[PDB]
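Written out below as structure tokens is the structure these notes cover.
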Amino acid sequence: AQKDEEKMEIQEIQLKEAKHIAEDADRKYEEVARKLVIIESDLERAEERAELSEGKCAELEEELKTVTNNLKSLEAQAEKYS
Amino acid sequence: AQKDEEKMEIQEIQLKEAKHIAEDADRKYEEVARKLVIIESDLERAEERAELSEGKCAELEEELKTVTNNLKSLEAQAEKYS
Amino acid sequence: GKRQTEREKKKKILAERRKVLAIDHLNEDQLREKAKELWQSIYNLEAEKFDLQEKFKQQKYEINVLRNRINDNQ
Amino acid sequence: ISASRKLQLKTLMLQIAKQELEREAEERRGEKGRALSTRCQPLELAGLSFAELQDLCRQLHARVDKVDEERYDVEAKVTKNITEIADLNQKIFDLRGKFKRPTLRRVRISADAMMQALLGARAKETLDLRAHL
Amino acid sequence: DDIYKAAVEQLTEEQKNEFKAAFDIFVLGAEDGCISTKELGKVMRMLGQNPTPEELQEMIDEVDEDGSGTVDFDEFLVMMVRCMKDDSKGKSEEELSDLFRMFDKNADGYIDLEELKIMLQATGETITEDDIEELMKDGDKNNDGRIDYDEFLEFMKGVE
Amino acid sequence: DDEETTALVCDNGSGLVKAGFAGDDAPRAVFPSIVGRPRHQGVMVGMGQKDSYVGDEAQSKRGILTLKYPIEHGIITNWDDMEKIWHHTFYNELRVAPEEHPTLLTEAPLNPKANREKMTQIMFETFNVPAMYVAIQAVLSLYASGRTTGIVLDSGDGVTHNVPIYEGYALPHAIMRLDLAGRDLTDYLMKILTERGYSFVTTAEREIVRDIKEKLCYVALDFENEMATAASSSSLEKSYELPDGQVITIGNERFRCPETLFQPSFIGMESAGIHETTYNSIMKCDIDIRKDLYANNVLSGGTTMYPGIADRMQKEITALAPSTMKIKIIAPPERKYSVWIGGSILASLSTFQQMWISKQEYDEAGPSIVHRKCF
Amino acid sequence: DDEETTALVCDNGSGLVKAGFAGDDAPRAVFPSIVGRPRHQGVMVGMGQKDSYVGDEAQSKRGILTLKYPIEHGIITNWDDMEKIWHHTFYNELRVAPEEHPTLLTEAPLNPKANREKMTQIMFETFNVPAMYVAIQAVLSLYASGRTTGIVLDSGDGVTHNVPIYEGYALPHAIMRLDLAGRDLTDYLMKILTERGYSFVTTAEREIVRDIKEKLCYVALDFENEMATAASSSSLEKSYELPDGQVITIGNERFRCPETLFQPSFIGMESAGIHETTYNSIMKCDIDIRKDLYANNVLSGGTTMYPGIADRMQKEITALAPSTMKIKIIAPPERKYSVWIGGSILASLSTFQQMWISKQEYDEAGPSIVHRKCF
Ligand SMILES: Nc1ncnc2c1ncn2[C@@H]1O[C@H](COP(=O)(O)OP(=O)(O)O)[C@@H](O)[C@H]1O
Ligand SMILES: Nc1ncnc2c1ncn2[C@@H]1O[C@H](COP(=O)(O)OP(=O)(O)O)[C@@H](O)[C@H]1O
Ligand SMILES: [Mg+2]
Ligand SMILES: [Mg+2]
């Protein structure tokens with residue numbers, strides 16, 4: 001019985017240490033979750049703004065093409081009327 | 001002595017549960033570490049490419065302005081020709 | 001096209017469904033009471049119109065705020 | 001930076017805002033009264049016989065019809081723009097706060113200190129074993 | 001300044017239970033009631049309250065500059081009650097919006113710095129290092145050159 | 001700006017509503033005129049789901065809506081939806097209450113009277129404008145060109161009409177209105193795309209086919225040569241990416257869709273193309289103003305924006321017309337908004353300021369005032 | 001808390017019953033849904049032996065019981081046992097009488113009507129709740145992610161279903177329900193373990209095989225390479241200690257058990273894997289909302305917790321989908337309780353407070369009220 005009491009108290013201090021380790025891990029978990037949420041929100045915004053920029057670039061490119069071609073044709077016609 | 005032994009068994013199961021907590025915490029934390037790093041790298045790249053597109057779009061704006069002016073000139077020439 | 005409901009509502013409230021009143025066919029006390037009731041109705045209608053004007057100002061403020069937020073974020 | 005300016009600052013800002021709000025409310029009420037007097041003048045209470053009161057009531061009823069059509073117009077307008085205000089407030093919530101609406105929550109308040117079921121199970125097993133003898 | 005400290009001077013048993021819990025965790029009796037700010041933050045993380053490290057790091061950067069680690073009771077309890085969320089709904093959103101649009105005279109969809117400074121000076125409060133450039137530093141998140149209602153909330157969220 | 005009062009130059013159109021204050025260069029808000037009720041059930045609660053998305057909002061949620069245009073061919077077939085579109089245009093795209101602004105609507109030639117009368121009745125009773133005026137969509141397009149003569153072919157999206165004008169005197173007996181327009185070209189393109197395997201059926205996918213038509217189709221200078229070339233080489237096949245991937249390749253469907261304009265027999269219509277109804281409209285005019293109309297042929301409207309139409313039409317008319325006359329086709333780069341620019345110019349004139357239909361006049365004669373002197 | 005009234009967010013599930021009051025983060029009591037009568041004779045007198053141990057009590061005395069789940073595939077096959085489970089859940093795991101609390105059950109899509117009607121009849125007659133509402137298990141999992149669009153694959157333990165949603169408008173014609181789930185994976189693992197010598201037959205040992213599956217199995221990124229590697233090296237063989245000793249070593253059974261999800265031909269099922277029924281569910285949707293569904297693919301349910309599934313599924317869909325679209329797979333760490341968290345959020349909403357099926361309404365229309373407007 002004496003030996004068993006010894007083992008009981010040893011396991012008792014071990015259990016307290018275990019609980020503390022558990023709480024520390026819990027706090028770390030909450031922290032990392034917060035960080036991940038923030039960074040992912042930033043990812044959303046970054047992707048969306050990238051898309052906006054790409055679309056606008058496309059539209060401006062097309063308009064440039066059209067106007068340039070019209071100008072070239074009218075230049076040819078100016079020579080013709082000369 | 002029997003009561004003490006029962007106490008010991010209880011402590012044993014609790015220690016088991018604590019180690020279980022430790023392992024699951026570590027696993028989830030490593031997972032979130034992976035996700036964090038991947039998200040961060042991709043966010044960096046996305047911001048870079050979006051800014052590149054923005055610069056190209058501004059250049060396109062200037063090009064379009066040049067073309068518009070030249071078309072105005074050619075149109076005036078053609079109408080006077082008429 | 002089916003706009004008869006809206007026009008019907010507005011016109012009927014204007015002419016038929018309004019508080020149609022005959023006022024010059026009452027006794028002295030009755031005519032006085034009717035005139036006072038109509039005066040109260042007029043003043044309360046003008047108060048309601050002013051309150052709607054204040055709400056219109058608030059709506060203008062809200063519309064400007066929403067437009068500014070959209071322009072900032074889009 | 002001092003952590004002392006925040007509470008006094010917010011209290012003083014709240015008081016100044018409340019004073020401004022009540023000033024604006026009283027200004028609105030007074031201007032409403034003045035405008036209402038302008039739109040419809042007050043009546044008189046001396047020397048009126050039946051006929052002049054009848055004529056005044058006819059003029060008042062013509063004004064009643066006028067203010068009735070004015071009020072019907074402004075009331076339809078206010079109904080439509082109050083519906084618009086509700087619709088656009090819901091639109092703004094769906095645009096910006098659509099994700100914050102389910103975010104405001106009350107969680108992580110139970111499982112943090114809920115490890116005492118094992119004690120109950122151990123007590124039950126010990127009770128059964130003791131009841132055996 | 002006065003809220004948390006005054007509440008400490010009229011401390012309630014509701015918070016005094018946790019105060020004595022942290023006391024027996026920290027102070028063994030017949031001591032100086034030290035509760036070092038590093039240990040204070042560590043145990044605030046430990047003791048089942050909200051373990052937000054921002055307040056802990058602020059406390060570290062604010063106190064225990066004497067070189068001994070001793071923390072006085074008044075500021076310790078002030079920071080203990082400040083680690084929790086202590087506000088009453090930040091008033092009403094519609095109320096504050098009306099108050100700010102009364103503060104807002106330009107009416108261009110936002111509000112400029114001049115009106116905000118006028119309202120702050122009309123409040124009539126003392127000036128410390130948290131003025132002048134702290135407002136500019138906090139409000140300039142996207143640096144739009146202006147401070148709107150959203151930015152006004154961003155500066156001092158939870159306006160009681 | 002400030003005191004004073006500016007006019008609202010609205011332009012209902014059919015396919016794109018263009019509006020803006022008088023005196024500017026371009027319309028302030030341009031958005032499709034579609035009103036689409038949701039068609040599925042909807043399970044999320046409190047999402048703030050409305051009962052009808054109008055304008056440009058329904059071009060983003062079109063995946064779960066059933067878009068339906070309220071204007072079929074110039075005429076208006078669904079008055080409640082049109083009222084909704086006008087209400088949106090006034091309050092959300094311009095944010096100006098109509099109680100303090102004159103309006104200048106536009107209407108195609110030869111339209112039913114009841115449409116115009118109902119339009120003015122709505123504008124005066126529901127929105128309660130101070131004064132409104134209705135103008136023919138071709139005279140404005142002639143204003144915008146800065147001319148005073150010329151025969152204008154305004155090929156919109158609903159209806160194509162061809163109004164000849166000389167020295168400011170319109171010729172009412174020479175207006176040739178044809179109901180082939182951009183919408184029929186969209187339907188025909190959607191019908192010939194099925195020859196390669198791509199099937200678009202839903203009313204939402206009509207918008208995708210419209211985008212294909214706008215971005216890829218062009219008018220061939222000579223039809224048979226293009227048909228022969230596209231059948232031998234592969235230099236014409238241009239690809240396009242759908243809203244979800246799966247790129248498609250358009251072959252000789254590119255110049256066959258807009259060819260319907262010059263051969264309306266493709267969609268089964270009997271009448272002659274836009275190249276021959278202009279010549280017929282000219283020949284109905286007097287013998288002494290035909291040279292001026294030949295020299296000042298004006299193009300307008302959206303559908304005349306196809307790349308290469310100003311040359312095909314000139315070639316066709318030169319083939320039809322006598323060899324001595326000079327054929328010139330005015331195709332300004334701002335073709336799409338030509339009608340609205342002309343509307344702004346007309347509303348900004350001082351001489352025009354007394355032609356509005358004032359509200360007291362409507363109160364005295366009823367909605368039939370529009371057919372009277374105030375046209 | 002105090003005055004007022006909180007709602008009970010129960011979630012029957014199939015394999016684990018999850019319950020708790022509305023407005024929290026995690027379910028209060030989670031316990032297996034098994035009811036096991038004793039099967040041996042019993043000689044000790046006065047031991048206080050009950051006739052049926054339910055819930056988590058029968059996972060400790062499982063050595064002398066015959067556990068039998070009352071829910072086979074979403075549907076409920078044994079109503080008395082299910083009533084017993086509900087009674088236990090209300091009275092012993094939450095200790096709140098149901099007479100004073102609304103309930104929010106959850107149900108898989110495409111389930112038999114009679115199951116739902118019997119569920120509501122039980123809740124209103126036996127337990128006598130004030131008001132109950134039945135919700136589809138996928139919409140809640142979409143609530144919990146804080147999205148409003150996306151296609152959610154909720155691979156539970158009974159049945160795997162794949163509900164696509166856009167802008168809050170569910171698409172009823174694109175729900176693909178497949179009956180392969182965690183239970184079939186447990187049976188297949190128990191069947192392939194026999195290739196090494198370990199035979200598990202008793203219904204109690206199915207729990208041991210389930211524990212093996214949970215703790216050891218993982219989804220391979222590439223199946224053939226893993227099959228080749230496990231057949232040459234021995235770096236995969238992980239050992240596990242049975243409830244009595246005699247450790248066992250699992251070789252290439254580790255990634256072959258959960259591979260059945262992507263190749264249902266292993267257990268003889270004809271249909272395609274969970275990697276291809278998602279793509280088919282997307283392709284049934286309209287052409288304009290496919291990009292959003294591609295970008296917001298959501299995973300939920302217990303069985304989607306295998307280590308390495310969020311990469312295998314993304315690789316497979318990227319192989320199937322067009323190369324331009326971006327494929328993103330949302331796999332929150334709180335996957336198992338995602339449905340219940342969403343249920344709590346939905347029950348906590350103010351807009352939802354008038355959708356409950358009030359008892360007087362049931363008294364007037366009978367149990368068939370659930371199919372009516374109050375869905
Ligand atoms: N750039 C373009 N190329 C080819 N077709 C176009 C182009 N832009 C518009 N369209 C066609 O013209 C129509 C718009 O015509 P529009 O002039 O807006 O009609 P409305 O007279 O009703 O305003 C669209 O339906 C489209 O089919
Ligand atoms: N960590 C895990 N790893 C692998 N499989 C798991 C894990 N947890 C649970 N499962 C499987 O998922 C099932 C539980 O699924 P659950 O989501 O509870 O189903 P239901 O939808 O009925 O609640 C279990 O039967 C088990 O087979
Ligand atoms: Mg037009
Ligand atoms: Mg489930």
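Numbering starts at 1 and runs along the chain as it is shown here.
For this deposited structure, the header notes the method as electron microscopy, 5.9 Å.
Any Cβ shown, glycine's included, is placed from N, Cα and C.
Going by Swiss-Prot, these are the annotated features:
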- B:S41: phosphoserine (MOD_RES)
- B:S53: phosphoserine (MOD_RES)
- B:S73: phosphoserine (MOD_RES)
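In this structure the C-alpha atoms belonging to B:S41 (phosphoserine) and B:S73 (phosphoserine) are separated by 49 Å. Shown are the modified residues B:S53, B:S73; the one with the most C-beta atoms within 10 angstroms of its own C-beta is B:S53. B:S53 (phosphoserine) is 31 Å away from B:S73 (phosphoserine) when you measure Cα to Cα. The DSSP secondary structure for B:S73 (phosphoserine) is helix. Neighbours of B:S41 (phosphoserine), defined as other CB atoms within 10 A of its CB across all chains, total 10. For chain A, the nearby modified residues by a Cβ gap under 8 A, listed in sequence order, are B:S53, drawn from B:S41, B:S53, B:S73.
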